[PDB]
Every structure is written in C-alpha cells, then in structure tokens.
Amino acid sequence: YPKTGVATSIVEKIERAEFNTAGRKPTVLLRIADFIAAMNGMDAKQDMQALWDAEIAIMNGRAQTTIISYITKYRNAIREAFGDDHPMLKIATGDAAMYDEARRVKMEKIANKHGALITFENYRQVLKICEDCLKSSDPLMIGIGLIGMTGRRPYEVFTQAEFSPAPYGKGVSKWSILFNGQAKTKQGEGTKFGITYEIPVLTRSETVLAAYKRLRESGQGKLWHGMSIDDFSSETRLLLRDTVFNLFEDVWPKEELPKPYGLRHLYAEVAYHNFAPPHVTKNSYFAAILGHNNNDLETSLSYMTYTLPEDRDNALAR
C-alpha cells in the first residue's frame, strides 16, 4: 500500500476561500488537511492510532450525527489520498456502539412518525403550486415544480436527471416518464445506479418533459449540470430552502415547516394513492418509484409521513 498522497478535493476547497469576502474559517477542512499531511510517511499502526485518537478527541462535544458525518469526511479523504487498501481505514472509524445508537434513535423517530401521520389538508394546493412552478421563467422555480411533480431529489432535478417519454403500448404515457441518474447509489446488482426506470408523474408528461428542457437550457441550468454535491449545496441550498419556505408557508400542514424533501414525501404518498396496482404493497410501491435498491423495503418506511385528508375522511367513516 502507499505511504504518500494528497486529498486534492480538500486542498482545492481550502485554496478557494483563501480569498473570501466573508464567512467562517474552514477549520474542520484544515484539520482534515493536516491529518492527511501527518499521515505522509507513516508505517506504524500505533502511530496512526494516536493521530486518529487526537482527531476524535477534538470532535468530542459535537453532536453524534455530526461525528458520524465528520468521520465520513475523514474516511473519504484517506481514501482519496491513499486508496482503498490503506491500513488507516481499519483505524479511522466510529465506535460500533455509536452507529448502533444512531440506528436506534432513527428507528424510534420513524416508529413515532408511523403512529402519528400528519394530515396533509391542503395537498391539492401544494401540487398546483408545483404545477404552476413548472411554467415559471426562473429555473429555481421550475426545479421546485419538478421536485413536486416527479419526486426526484433536488440534487437529481437540478444536477443530473435525464427525463424521457415512456412508451405506453404503441404510444406515449401521459402519467409516467423515464428517469435516469439516481443519487445515493453505487454500482451494483439490484441497484438503480445508471438505470433508467419508469416513474409516475403528478401532471401530464408532456408538460414535465418540456419544463425540464427549459430547465436544461437556461443559464443557471448549464451551470448546475454535473455539479458535485458540495458545489450544488453551496450554490443553491439556502436559496432553495428560503424559496420553498416562502412559497408554501400558508398551506403546509401546521405540524411542520415546508422543506424541499417534503415534496418527495408527499409525491410518494400521492402517487401511491393515485397509481398503485393492487398486487403491490405500499412499501413495495414506494421503494419502486423512489429508486430504492432491490429487496430494500426498509428505506420506504422513512417516507410514510402524511395522510391525505380523503383517507382521513373515509377511515373516519368507520
């Protein structure tokens, strides 16, 4: 295995922002930087262990989810500089108890959500707002529209989605689409990495495709295309967040605030309610239209968030 190397992406990130008008110092990226530097020319595992221990010591006090995320960042640095075969990857990681506790916390929140679905009283309005967004001249708007109407993740809509007409018999589907470019997935059997699959849309397919072409040809859109998640996050996140909040403030269910993933959750719910064939289950349907891996029905549990007020009505019929 190699003893020298460099996590380019980190250094570059740090070199940009050498000249910065404002903003906080890249302290963490700096720590990562010096860590990877200190690793240059280390052959002894106790040495590596000591280094990492110092890093973990610094992290203490920070939140558990924060630590798990930071550990990912270090591990990805190590991988970039030194490769997959480097003994530091066996050393630089979270305690197993930490990850286990994350799992418990998350399961508990989900179990809690499933026992108290949120009735999305005004979802019809929300969906129309999205539809109209599809016709806006502001590419951010169109993108929001498409998150709502196709359920693709922001990073997907804005950065990497390919949308196609889906053939329905010997014609073209008006309520589904072809989609390619799933995020959060690496190459693999039963994985939608690089797979084009059919997904339902909550308005006419002609409309969605056309709005997408408008998206793909705009000024902002050519810049967005092929961005890394850090680039995209930096450039849009807070603006997207503010726009979504403003656009939906008055209609969004009282129990929570309007956030962009809200649109994806609602999309699953509505798509199921309108399109699910009878031999498939809700967990299955979601996992299918959300692009989850083969045999994964557990991610689908995260998305069961609201109850459409129609279901709430007719369940209250009994």
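The numbering used is simple: start at 1 and walk along the sequence shown.
- As listed in the deposited structure, the average C-alpha B-factor of 23-31 and of 280-288 is greater for 23-31.
- A summary of the deposited B-factors shows that, of 143-151 and 173-181, the stretch with the larger mean C-alpha value is 173-181.
- As recorded in the entry, 186 carries the highest CA temperature factor of 186, 113, 103, 237.
- Going by the entry's values, 9 shows the largest Cα B-factor out of 9, 307, 295, 302.
- Per the PDB record, residue ranking by Cα B-factor puts residue 128 in the middle third of the chain.
- When the modelled residues of the chain are ordered by their C-alpha B factor, residue 200 lands in the middle third.
- Among the modelled residues of the chain, residue 212 sits in the highest third by CA temperature factor in this PDB entry.
- For residue 168, the recorded CA temperature factor ranks within the highest third of the chain's modelled residues.
- In the PDB entry, residue 219 places in the highest third of its chain by CA B-factor.
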